[PDB]
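See structure below.
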Ligand SMILES: O=P(O)(O)CNC[C@@H](O)[C@@H](O)[C@H](O)[C@H](O)COP(=O)(O)O
Ligand SMILES: O=P(O)(O)CNC[C@@H](O)[C@@H](O)[C@H](O)[C@H](O)COP(=O)(O)O
Ligand SMILES: O=P(O)(O)CNC[C@@H](O)[C@@H](O)[C@H](O)[C@H](O)COP(=O)(O)O
Ligand SMILES: O=P(O)(O)CNC[C@@H](O)[C@@H](O)[C@H](O)[C@H](O)COP(=O)(O)O
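Protein chains in written order, with the numbering used here: chain A, 11 to 267; chain B, 594 to 847; chain C, 11 to 267; chain D, 594 to 847.
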């Protein structure tokens, strides 16, 4: 099955930033033809820790910018919603509607996403056990979703720290396609360690998943969000090549569900 | 005055609310040194299963809660799940409650603060005590004046919550602190631990306790394993006041 | 039942230090006649993080110093053992033999302590669940122990942090008398916060336990071990008075096992 | 060379050790790029229950292990529990193993280091990765030259262990790192997770893997639910080498 690579800048800082990243993602999609690329960027960071942190330029601006990316590069699009009313307008451009980790149990949000007919990707809450994602998928199927993904992004481990329990990959695979979030899984909540992004992503593909999620920015140090975890854009190609190589050699050993 | 927030988990029917409201009204008359607030959710918007009880809708719920306030003169509190619900709920709710999973949703907090009502935020199971400072800052920025933070346990491995009582004195630095005695006891919960931990909370020091109570928990449509039998509420409240009276002498300053 | 207060300097820095603390504990035992005091101090810190940290002056010196405390003040004694061979000589002076938290599963150490005929107090390992202490007590009874205590001292919560799950008190009470370690439960492993010692001890007595364990030193800042958690000796009396008051008012509500 | 430490959890009988030793000897001949070390405990000194299998004693165990080394020419490793056992065990053990619960017992570490043998310390379930630096310092101070640190999971709530793979690159700063594939999967363990996590370990990068294996795990007197069937060992080793060959290109420097 075609491996999925979901990547893009954390927040839609500007349509210009999006087009710059989209250009590189498009180039990579032409090289790695065995990969299905999906361009990601949030029109709103609705859960920042501080009221003073950057959120975005609004849903309208964001959807317009994402539509530009899709129009100019022919790339699939994904973005997250925060309240039910956003599902409809976002579905006009998003191929995959993303459900934030803190909101993975909000029934109406999941239902709003599911009735759009678009694929839905739920980030597993830091509080949720792997086996409890079964009910999340059930809610989506109930709501009409036919293409469902579950994303591993770490679990609360003491205060201001997340651990990745890789046993979650084969467990969640029982009911949905599984994505590994390589950048948020190493973040330190309300404190991330970029030095662990690559080794953990190698672990994810060796264990076996259906795709990886990576936030990338031309200059992470200047990012308006997740400046400590976003991967420099120039490093994306090398990481993807490594992903595919490890996936290939490990693939014959992936257990059947 | 010490705050006691209590009532059935979900608004199973205004009838149920009236029966519980009657008992809470009685206790309110018996314990004048306590500020009672009637609580019940018009919607369980985050159930694990799609086939579980959610409720009868916001309108029916606000109506039922309105009936309790008018018939008993009790303050009211219920939780909201999306920003648009703040305004209509604020018509009856003296305290707007923010769900634990939603304690970081900026718009929900601002929407509640904008109503002019008091706001009680359930501390997320993923949040560290010191990180609630930013939560309070959002509400203040939103115009909130009366702010509460509720301790309801922290993720401890899978399907288990632990109460780190160090959080009480830490959160008290920036807001009044309430201890949720019913949801905090989640085991892979267990009613036998409710009273013991409530005693711990008041010995440590808090500004109030939150307790879900139902006439027949066994028949509750939500949190049946943790809702306190109505008949046991008076005894626990009296125990709370006695321990607090003695322990309060040792509560650390700010 | 007579409440137990186990207190003393963490390590036997000197026989002089022991006599100074013992003098104060003796004075308090004369005031709080409803309390059973047990003087504690380790002849060896056999598990320090660093090879360069203070350990002690040897078993011989330690037992001799403890015997002096008992002889001069008529106080019961408790100290911990680290290897089986130490049980016999330590039992010559110790009324209660303490089993370190990391060693709560070492069968031979528990058995060595149990056959001495002395009471045995096992510190619950930071890795052990409350319900799994049942087998620890079973091992001791099997080995001949007739007076057994289990001490709550925190549980691993992420890295370098311990949390106290107070549900452990009523759970462990099912099979042994329960002691709350007020000073080690707030320590930050390999990093304690002294500001939380008092509030958590208030919690322990409100929930209900059979005693409390508190390391105390005339000048904690100069202690050779646990300098960040040992309680100043001058504060001991006030803390004990508070303990008894809260215990009394909460006592009628203690659940039956 | 990549290290593979394997054998039955407990020395149920020298017969069992010979049967496993024969297979490990064969694999040793098949995979020349791998350094094999036969492992088995002469005593399970930390069983939860007093009524569980411990073993046949140190003398019988050292004798049985001696037989494996002499009949197959394989290196040996076993764990010690008290300081006095180091000397007699060092007569046969090329690597002295320190139990996880005992990784902070200074005298045990020094006793092992004093034998002149290599020392492998199982990282306590309570220890943070960075805190193993002090463990290595004790062994060096004790004269140890060849030192290993083994990842075997970390306490995650109750009756559950999680493997934080960030520990591999962190511990590598001060010692060779081994991944314990069998004990690391403790669930409220589960054999279905052994292979998946072993693959993760080699993709991340380690210096060896530790695997308990038994001809008939179902009949094992210890770790029956987690011991790898002997017949599956070859396949896993080959998988390990293939993934390592490809992934090693990306292992971070020191
Ligand atoms: O829903 P999630 O899986 O967290 C994913 N997406 C949103 C993230 O970009 C965001 O929540 C991320 O975890 C951020 O690291 C938190 O933000 P802050 O720096 O204000 O403390
Ligand atoms: O925000 P909170 O503190 O959880 C409070 N409000 C909602 C709770 O009453 C309750 O529904 C909670 O989610 C409970 O964890 C039990 O629900 P479920 O049966 O779906 O597994
Ligand atoms: O067995 P325990 O419950 O830990 C109890 N008694 C021994 C303690 O004094 C000691 O282990 C204590 O936890 C110390 O805080 C650890 O020492 P270091 O500062 O070297 O990192
Ligand atoms: O120090 P360690 O890494 O645990 C290794 N040595 C011992 C293990 O083989 C094993 O006995 C371990 O304690 C296991 O956790 C299972 O044992 P039990 O059946 O008593 O609950």
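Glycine residues also receive a C-beta, built at the ideal position from the N, C-alpha and C atoms.
Query                                                                                                                      : Result
Where residue 777 (chain B) falls, given that 16 or more other Cβ within 10 Å makes a residue buried                       : buried
Counterpart residues of residue 129 (chain A) in DSSP-defined beta bridges                                                 : A:106
For residue 190 (chain A), the three-state DSSP class (helix, strand or coil)                                              : strand
Element boundaries [beta strand (DSSP E), containing residue 32 (chain A)]                                                 : That residue, residue 32 (chain A), is in no beta strand (DSSP E); its alpha helix (DSSP H) goes 25-41.
Where the alpha helix (DSSP H) containing residue 152 (chain C) begins and where it ends                                   : 144-152
Presumed contact (8 Å Cβ cut-off) between residue 763 (chain B) and residue 791 (chain B), rounded CB distance             : So it is not a contact: roughly 19 Å between Cβ atoms.
Residue 164 (chain C) to residue 11 (chain A) span [Cα, whole Å]                                                           : 47 Å
9 Å Cβ cutoff, residue 707 (chain D) in contact with chain A                                                               : no
8 Å Cβ cut-off: residues of chain D touching residue 753 (chain B)                                                         : 750, 751
Residue 672 (chain D): first and last residue of the uninterrupted beta strand (DSSP E) it sits in                         : 668-672
Endpoints, the beta strand (DSSP E) within which residue 112 (chain C) is located                                          : Per DSSP, residue 112 (chain C) belongs to no beta strand (DSSP E) and is neither H nor E.
Cutoff 8 Å; reference residue 667 (chain D); Cβ partners in own chain excluding five residues on either side               : 614, 617, 618, 621, 629, 630, 631, 661
Straight-line gap, residue 830 (chain B) to residue 138 (chain A) (C-alpha atoms, nearest Å)                               : 33 Å
Chain D contact residues for residue 200 (chain C), given Cβ-Cβ distances below 8 Å                                        : 720, 721, 723, 724, 727
Those residues which DSSP pairs with residue 50 (chain A) across a bridge                                                  : A:88
Residue-chain proximity (residue 165 (chain A), chain B), Cβ-Cβ < 9 Å                                                      : yes
Pairwise C-alpha distance: residue 795 (chain B) and residue 737 (chain B)                                                 : 26 Å
Proximity below 9 Å, CB of residue 676 (chain B) to CB of residue 651 (chain B)                                            : no
Cβ-based burial, residue 184 (chain A) [other Cβ within 10 Å; buried from 16]                                              : exposed
DSSP state of residue 117 (chain C) mapped onto helix, strand, coil                                                        : helix
Three-state secondary structure assigned by DSSP to residue 179 (chain C)                                                  : helix
C-beta contact flag for residue 200 (chain A) and residue 170 (chain A) at 9 Å                                             : yes
Straight-line gap, residue 654 (chain D) to residue 637 (chain D) (C-alpha atoms, nearest Å)                               : 12 Å
Contacts of residue 694 (chain B) in chain A (Cβ-Cβ under 9 Å)                                                             : 112, 113, 114, 115, 116, 135, 137
Contact under 9 Å by Cβ, residue 845 (chain B) with residue 208 (chain C)                                                  : yes
Cross-chain neighbours of residue 58 (chain C) in chain D, by beta carbon under 7 Å                                        : 699
Spatially closest choice to residue 693 (chain D) from D:773, D:665, D:826, by CA coordinates                              : D:773
Selected residue, minimal CA-CA separation from residue 635 (chain D), among D:644, D:625, D:649                           : D:649
Residues sharing a beta bridge with residue 45 (chain A), DSSP                                                             : A:13
Residue 169 (chain C) - DSSP class collapsed to helix/strand/coil                                                          : coil
Alpha helix (DSSP H) segment containing residue 801 (chain B), residue limits                                              : Per DSSP, residue 801 (chain B) belongs to no alpha helix (DSSP H); it is in the beta strand (DSSP E), 801-807.
Identified DSSP bridge partners for residue 241 (chain C)                                                                  : C:226
At least three beta-carbon pairs within less than 8 Å, the segment 722-729 of chain D to the segment 171-179 of chain A    : no
Spatial distance of residue 698 (chain B) from residue 679 (chain B) (CA atoms)                                            : 13 Å
Residue 51 (chain A), buried or exposed, once every other Cβ within 10 Å from all chains shown has been counted against 16 : buried
Buried versus exposed, by CB contacts within 10 Å (16 or more), residue 235 (chain A)                                      : buried
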